[PDB]
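What follows is one structure encoded as structure tokens, with my remarks underneath.
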Amino acid sequence: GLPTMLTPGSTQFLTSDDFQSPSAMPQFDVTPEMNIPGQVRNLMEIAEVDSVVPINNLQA
Amino acid sequence: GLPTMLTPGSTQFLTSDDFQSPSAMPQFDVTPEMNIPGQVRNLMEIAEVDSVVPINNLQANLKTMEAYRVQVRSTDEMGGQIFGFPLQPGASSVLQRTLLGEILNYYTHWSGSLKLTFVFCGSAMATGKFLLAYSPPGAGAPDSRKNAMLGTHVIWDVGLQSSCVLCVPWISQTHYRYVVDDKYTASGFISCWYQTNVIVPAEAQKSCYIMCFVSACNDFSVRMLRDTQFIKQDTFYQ
Amino acid sequence: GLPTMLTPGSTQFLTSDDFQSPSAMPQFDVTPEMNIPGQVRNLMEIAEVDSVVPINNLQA
Amino acid sequence: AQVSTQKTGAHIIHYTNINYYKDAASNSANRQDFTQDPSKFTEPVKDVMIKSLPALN
Amino acid sequence: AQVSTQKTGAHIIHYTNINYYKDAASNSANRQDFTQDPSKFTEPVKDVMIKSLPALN
Amino acid sequence: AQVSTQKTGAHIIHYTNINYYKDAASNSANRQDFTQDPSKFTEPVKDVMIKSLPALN
Amino acid sequence: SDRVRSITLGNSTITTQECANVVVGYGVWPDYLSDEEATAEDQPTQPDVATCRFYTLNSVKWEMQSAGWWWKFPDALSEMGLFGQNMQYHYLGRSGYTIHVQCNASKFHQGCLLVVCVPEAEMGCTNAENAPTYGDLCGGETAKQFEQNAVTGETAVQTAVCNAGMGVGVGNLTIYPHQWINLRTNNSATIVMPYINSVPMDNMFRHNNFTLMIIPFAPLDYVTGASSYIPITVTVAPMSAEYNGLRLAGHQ
Amino acid sequence: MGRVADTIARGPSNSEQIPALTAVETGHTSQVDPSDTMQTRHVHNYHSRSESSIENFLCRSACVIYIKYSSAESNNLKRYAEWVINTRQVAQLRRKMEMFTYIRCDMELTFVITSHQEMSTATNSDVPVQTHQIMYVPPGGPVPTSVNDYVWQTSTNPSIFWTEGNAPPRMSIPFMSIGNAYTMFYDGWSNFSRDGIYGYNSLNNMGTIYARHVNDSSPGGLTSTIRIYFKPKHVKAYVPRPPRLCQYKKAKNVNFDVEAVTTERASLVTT
Amino acid sequence: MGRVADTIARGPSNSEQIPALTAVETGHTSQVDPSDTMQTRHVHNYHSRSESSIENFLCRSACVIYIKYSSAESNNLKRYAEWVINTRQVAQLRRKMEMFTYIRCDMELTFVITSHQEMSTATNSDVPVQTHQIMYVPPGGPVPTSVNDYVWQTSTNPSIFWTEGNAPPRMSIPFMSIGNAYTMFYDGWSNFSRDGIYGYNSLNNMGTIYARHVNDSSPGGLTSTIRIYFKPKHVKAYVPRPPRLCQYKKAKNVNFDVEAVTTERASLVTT
Amino acid sequence: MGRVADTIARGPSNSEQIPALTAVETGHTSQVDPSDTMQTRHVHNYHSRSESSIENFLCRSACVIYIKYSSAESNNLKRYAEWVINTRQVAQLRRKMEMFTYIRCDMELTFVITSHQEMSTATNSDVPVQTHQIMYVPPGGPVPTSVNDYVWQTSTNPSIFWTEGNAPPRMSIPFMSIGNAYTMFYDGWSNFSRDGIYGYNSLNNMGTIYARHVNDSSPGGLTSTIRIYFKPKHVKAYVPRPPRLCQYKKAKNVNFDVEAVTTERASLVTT
Ligand SMILES: CCCOc1ccc2cc(S(=O)(=O)Nc3ccc(C(=O)O)cc3)ccc2c1
């Protein structure tokens, strides 16, 4: 075949990688999308919302 | 899949390779750069800076400030040789723990000219003249001032300008020399002699000092990275 | 990753191959060439030169 | 082939991706979509509230 | 694809690199940047000192 | 990419090479350079000797 | 002539009539922080002339067996004028400096000093299990002194010029902005240090941006019957001082 | 290119020009060439400073630690190992980086993981090929207290899984200091009081690596040792420093022992 | 880009504008910046919200189960193992997904399969390299009752065959809910009566994984343990929820034990 | 192309032209063809000198040494091995290069690393797959004195890490002589005195290879032997020399024993 050479990390499973892998249901037809209110795209859309602060968090 | 064939060195970890590897923090946003004064891009920006040379590195003087200064005086004769050392800026006791010499001990090769600056640290009423000499090798170190002036030399005249540079030129059979001492790659000899004498008034000191500095010129380069022999350990630091 | 398949001779070391391999001194600056008289490029530049023939190669 | 900018700083910088599969579930995850709309949680009010004005007039 | 000259002598000589990742930290190290500026260590003086002239007039 | 003829007979016939490294020492050996100059060993004489003429006139 | 100079900052001015140029460290002259390198979002106070102006420190006696002196910054100016007051009330500061060393002598005296400003001059300790304490790193306006030979202690700084108090060749403190004062040439050194850090601003008590070290490389020497007291005075002005994070005074 | 200066041809001189004379009381260092002190010929010079770049100097993998762990817990190694990330437990790599005060760089981490059989009173061993996990736990994450606990689920923690008999695994790490460069030397303290930790260890807070066997223990014992290699990449370095003179004592201090500047000579004049 | 807002320069003010004052009785939350409450300088800010996307947050592989099986059947593990697919048997991965009510995503399943030698009275072991099958059986498919039965023919059932000493095997799975998104929380019942299972487990019906050794048993015993890792990809999430406060009890219920809001303090004023 | 000369058709001759007669007292050698000494036909000749290039002659990998090392230190091999780099310890590769006086070339180094079990009084062996390090130490670098010392950190020293059961590892080396070509024969001395080492070994200073097991020793013993293979590439060679007649004695000298020019014949006339 084509001459190739393997480089460090050739068989690793890194949990923060993104690689392509074959689907186990080829040609599967997914359900149509619909609009569901309140789509989140970022966690700074949750962090910028007020939240009551427990400033009186004594033992009792 | 696509027909491929593995070739020698397919699973090796070479420590001098450069290959791409997946990041373990995908989409990580790094801190912005800002200008920090004194950016280094090359180690020949460190080697071309002067560094005080310990030319008086005898056993008693090693842990003291005597190391970096050689006494010079008003002699009752001509005065002989002041110092001399084999040139070899990475293997000589004199030159190898300077900035030039410690950037040299991460490499196995070097080439180019270097410049030894000297400074008279006497009184302003003290004045002298000195013969700063370089002798290319193959005839040994000069043992007289006569033999020292057959080589490359600068006659230094002490005046308002307090320093004088003996630039020592490359002059080598090979394009490079080894950082290690090797008899094939022999690099010559440096010496200093009295050309006149230090002449000084009665009320000013008869003894003075001289320091030496060393740095690379603009034609200087190094090749072939290696571990330095100047740092070591017997167990991990904790 | 990209689908690939290994073919016979994938890990062999053939001594008459020519393949690329990473340098162990990356960015090393070699000495300049100079002209050295008598460059050989072929061994038929050595074979076409006369050589004395031992035609009297008896034991003594 | 799709050529797209890499994540890079601050004050070459592209990569190439080719899809090798017939499904879009096989594709690598989309990590470079940075669209936001915090206003449907942070400001979910019928009348637009102007910051400099009183909340309640 | 980026096509760039190899390190070669003295008195073909290109290689091809394609980046395969979405991060620039994943990229191979830059070894061919040879810019210098020794003057900020070697000559860090307010007034420009001309070599042929006295240092101190 | 460099496309160059293969060694082939006598009485397709190209291959493709791409260099993958930043050094030219990493490259495969040059085996297709067939230049010669035997005359500096075989005829290293100051005066050109013509074959049909006497060597020594 | 090149030997005469004045530097005017604020309501202070220094004159020299022997000097060996001015070193601008790393070729960068002090300036205020830009909007593209900022990260503190409150308005910076810039007291200008009231903080930027020469402050003369306590003088040290140069002796024949002296091994050197050091002052850490900004903690040598922590009680100096309104520069030191704006350190008290602010979390962040950021300043460049012009450091000017004075040491005149007669023409029948000899000696040579290295005057060097070392960024991030973290120092060792006599005992290898312990950190040096603040009283041994810093004297404020008073200098801490190097010793000729090795010292012992528990929290004492390891002082010994050969190691420079940092475990490095003392002769190699020349890649740092530096001048020499050689008594047969010049009587003053001037270094202009920019602000150098890896953060755009930092607290002024918890961190020392650089240390000025003055180290004799050729001992003081003179014939008896000449002046035997020769001081070294360090007068240093802030430049482009600005501060952020105003709150109550203190630092604890 | 990184090519060096050519030598320029020069004849006899006799002038009031004085390139040789200078004052070193300026911070400036002389710019003299051989073409100022003697005759000289023109030399066209092709030498390069290519390999003396800081991105070639620092860009070779260096071992920074190794740590051991054992299936049996034979010799007090536990069933997992840990290492607080730093670059200061090894002399060689540390010295190279400490020639600079600030460095910003990306890293490339390569792991060389090996195992060996241990003495045991077990008879008959036919232990499967080991798999190992290497987990990076960012500051303030939960930490292993055993080999079996919930922390090894790696739901957000970056992790490598690798099986023996394969190429060494590697991952890139980006620049990730709080500051705009890593700080090699810090002349401050961690408290405004000016107490607590002094030195660069104040600013050290780079998380912890944990490593275990993923396979359950077999009747004998295996110890695995993992060697961690860092290679700087994409480097910019600032503020050159002297190389170290003294041997290090500690990985959190610079404390040093007083040592000689240079080695002995017999006299001022040697050949 | 995901770059954040710049700070805007602001001077002294004295006006009837009141950015600071607001009513929180509106569902609206204040939009105040520092440029409304004090002076402020202009800061050009290059920070990004790149890694706080939901497709970077959820897109790291997390262990969801492990299950064991044994050649010998040494310790009651059978010769095959099974797992009813769910995401709720692990705390860490579950919590991240339960910050949303509906999620549609594709998955990527990676398996980390290890084996170990077991105690036995067997002598002489030289067991070949194990091969393993991982079979996915969609709802209402025939199921293994033994390691040898006809169900492992995998004529329509998706299946992986993998041999030890190789890279972990993985397969993508597409979005495959009956609905238009997966349901993390269901406030309904499975009956119109309002009886039966209550909660999200009503809508859980995602099939079963089975895993066996493909090799016939050898005279000793090997136990193999397979760890299953799910990584969300291509995610859209809807309806943010609070993160969990309480530890979970059960993988089919949300039942919880009453727990403290926050940790103790000595008093209202602490330093 | 490298194609050879065609034969040219030639008829009867009778002229004062004398191609056959020449003087060999000139350094020149005759240029006669068959077309000068007899009739001859035209032959179009397609033969090539392609494989008789010096870059095909020298460009096949040749073993230059092997060196052994042992985990147990069974038979005085230590736990690491060393070799001062040279090309002169093997007859075959040496002879090919010594047909030239100066050669500049790049090298390609391939290593063939094998291990074998040793006799021991140990019982029960199940030793993991060995990993090995091959470290190149340039001249004047620190050297191993043990298998455990700091020199194997390889912070600037080039190094290979390789695990058994994989393709032989290789690395290119560039041209790296101090001179503008490697020197095969040096008729000088290393001293100006004309003392010390004489010969080509004066100019030999090519560093040292070290090789160890990276794995800790296991209860039995393994010896590993590493065979080093050099292949010239990108060659230019200068100054042809005779091939050797005599067998070599030493790897640092050319000293030789007097040997016969050719083999015997019975008489001047043989058939
Ligand atoms: C068995 C008990 C433990 O024995 C020892 C003996 C000697 C030791 C020497 C060192 S070091 O030289 O400071 N650092 C090294 C770093 C990396 C490597 C490597 O192998 O890559 C080698 C050495 C560290 C720990 C040591 C433990």
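A, B, ... follow the sequence lines: proteins, then strands. Residue 1 opens every chain. Only heavy atoms go into these numbers, but all of them, side chains included; no hydrogens, no water, no symmetry mates.
Around CD of B:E203, the count of heavy atoms belonging to other residues, nucleotides or ligands within 6.0 Å does not exceed 12. Atom CD1 of E:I12 is surrounded by 12 or fewer heavy atoms from other residues, nucleotides or ligands within 6.0 Å. By the 6.0 Å contact criterion, CE on B:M125 is enclosed, its count of non-hydrogen atoms from other residues, nucleotides or ligands being greater than 12.
For the ring-ring contact (aromatic ring centres under 6.0 Å, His included) test, residues two or more places apart in sequence or in another chain that qualify with B:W170 are B:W110. Under the rule for a side-chain contact (heavy atoms from CB on, under 4.5 Å), the partners of B:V200 that lie at least two apart in sequence or sit in another chain are B:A126, B:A204, B:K206. In this structure B:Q71 satisfies the side-chain hydrogen bond (donor to acceptor under 3.5 Å, both in side chains) test with no other residue, sequence neighbours excluded.
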Record all donor-acceptor atom pairs with a distance under 3.5 Å between chain B and chain E; write none if the list is empty.
from, atom 1, to, atom 2, distance (Å)
B:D17, O, E:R31, NH2, 3.3
B:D18, OD2, E:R31, NE, 3.3
B:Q20, OE1, E:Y20, N, 3.3
B:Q20, NE2, E:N17, OD1, 3.3
B:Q20, NE2, E:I18, O, 3.0
B:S21, N, E:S26, O, 3.3
B:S21, O, E:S26, OG, 3.3
B:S23, N, E:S26, OG, 3.3
B:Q27, N, E:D23, OD1, 3.2
B:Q27, NE2, E:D23, OD1, 3.3
B:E45, OE2, E:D37, N, 3.2
B:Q161, OE1, E:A55, N, 3.2
B:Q161, NE2, E:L56, O, 3.1

